[PDB]
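So here's one chain in two forms, each on its own in structure tokens, numbered structure 1 and structure 2.
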Structure 1
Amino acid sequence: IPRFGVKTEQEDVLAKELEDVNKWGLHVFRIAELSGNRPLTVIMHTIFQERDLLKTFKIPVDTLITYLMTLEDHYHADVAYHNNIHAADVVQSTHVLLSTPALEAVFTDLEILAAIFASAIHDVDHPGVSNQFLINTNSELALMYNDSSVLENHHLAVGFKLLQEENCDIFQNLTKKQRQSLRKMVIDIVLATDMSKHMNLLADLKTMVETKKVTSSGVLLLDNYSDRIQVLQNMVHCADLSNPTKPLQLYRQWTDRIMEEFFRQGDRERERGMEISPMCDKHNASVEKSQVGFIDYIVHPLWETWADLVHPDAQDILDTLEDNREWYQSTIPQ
């Protein structure tokens, strides 16, 4: 019943912040505070209303909100980076990428719903530790998933399982064919968020750029499921790795959070007498140098390629990335 799916007297200020939902650089942390730590719920609701997804897929509003609160509730409040705010941020970022001029009218409502839903559940129930940590401790999770994309497989399973809780099935009115297509796309997208698949994804993105085709309109031509799903996988992957491309003020908050999470894993590994994972040793860390390297070897190569695919739609994003790259470089203790 509430205007943003969540009760809030600061609804005025919250409403104002949400006006930037279509903009790169939304004040997601402010929205998290104003919504009473319900950024995923309010942002998803706003986006669904904005894209008219409730009517298009006959999703009852109470069901949508119940599912969103349930999903958000399963992101860990104690985890510094992989929590509901990161989830809300990836959802909103994907939302903007989907609206890029170069992709206008390219994707169907079902593909849009898939990319957005995938973004929302992509890190649900994340414990704050890597796949390797879960594997080396012989966790029940790694056992169930045979050490392959353990967390990613788990995020998907949880995201879908929650649809079964009371009044949570937001896809109850989709046909069997829509549900099967939606389910396959969502799975393909989330499994692509595993960094072990980064290089092959990027390689394929580049190949697409090299043989890039556009329709009579000025938009990208995507013929087969293979090319369509590949763009969606890279889009959500880009959103997941979009932190360095956001206004510095936001970027630095993300860096502080992921570092806090990395160090916590590092402390746990140390306690258990395990080899400390890269960048997880608070006693031997180089936050700034690590951000520069992160940009140079991962983020920039990816976004430069994405920028080429949708040229010149993402020039400003690429420019921000570079300005941010320099800032961290300039703060490296000599």
Structure 2
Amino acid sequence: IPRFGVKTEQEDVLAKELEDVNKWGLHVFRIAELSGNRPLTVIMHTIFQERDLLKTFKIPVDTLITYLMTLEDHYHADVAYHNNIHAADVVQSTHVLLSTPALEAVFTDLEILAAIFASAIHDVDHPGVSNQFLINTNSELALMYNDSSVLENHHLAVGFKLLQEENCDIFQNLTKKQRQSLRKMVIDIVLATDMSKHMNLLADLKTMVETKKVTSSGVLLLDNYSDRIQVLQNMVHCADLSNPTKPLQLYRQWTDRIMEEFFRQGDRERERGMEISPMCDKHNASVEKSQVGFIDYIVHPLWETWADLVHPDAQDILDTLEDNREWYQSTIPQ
């Protein structure tokens, strides 16, 4: 995109926007336009360089860029929510959560690499429909994964498979030991994004906040793998369910996108004479009531528990959530 070794006017504007990668509330949609619809590539690249992950894991730059573009190319541009913009956002969000004071120096570079790589592939090749819809139509995807976390298993499978395309193996220089460890952590994290796992994921997290233990600096202390992976699973899970905690201006865009996607599934289900899934009926919808419900039963209980784990780090995020809830509350038409 440059000319004579100097940034283009667009690149410069993009570079200036990217300066907020370490802040909750990055203008992720602005970055998607500026990057020519390459939010996931540019943001992952910026984060890998910010964290010096290329040197640490000897990842050639071109291989990194080639894989990222290939990964992004596999997110469907025609899907309203579960696309490359959602992935870029979950990546950036995870990146911010990883740098929380309460977790400073808690994770190794490899665990950090896993949290981020997992965030980047967690919804790749999402068809824009739920597991249940895939299950009810006897799709081969459902047949292949025995109707269990179909999409999630698929996202993982594809994320790894793309490492094999020409000059795409960003892990070519890791030892078998590192790769097996990285791989197990990424799998554990992504499978934990299947909402059907939510309740139990939160139950275990609350419990961890009970036996919780720290140091004289308030920094968390995680004994073994079981505790460290649990924090990472919930971290990415929070990032995936962070739309409601973002400045309303961003949140509203996420709401329109998820509803647009749900409504498309409802239309397809109606055409096919299937029962219209919950919240996927544009003729009997309550965008405001549903967002309030989403917040009261899932998002608030999750972030509240997280804010507790890293208290008081996630206070502003928690305040924003509660504020956005009241805003949606006051919007319900009587």
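Residues are numbered by position in structure 1's sequence, first residue being 1. By rigid core we mean the largest C-alpha set that fits within 1.5 Å across both forms. Only residues modelled in both forms are compared.
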property: Conformational change between structures 1 and 2, one of 9, 326, 19, 319, C-alpha moving 2 Å or more after core fit; result: 9
property: Per-residue C-alpha change between structures 1 and 2, residue 215, threshold 2 Å, rigid core fit; result: yes
property: Rigid-core-fitted C-alpha displacement of residue 64 between structures 1 and 2 (angstrom); result: 0.1
property: Stretches between structures 1 and 2 where the CA atoms of at least 3 consecutive shared residues shift 2 Å or more, core fixed; result: 1-9, 215-218
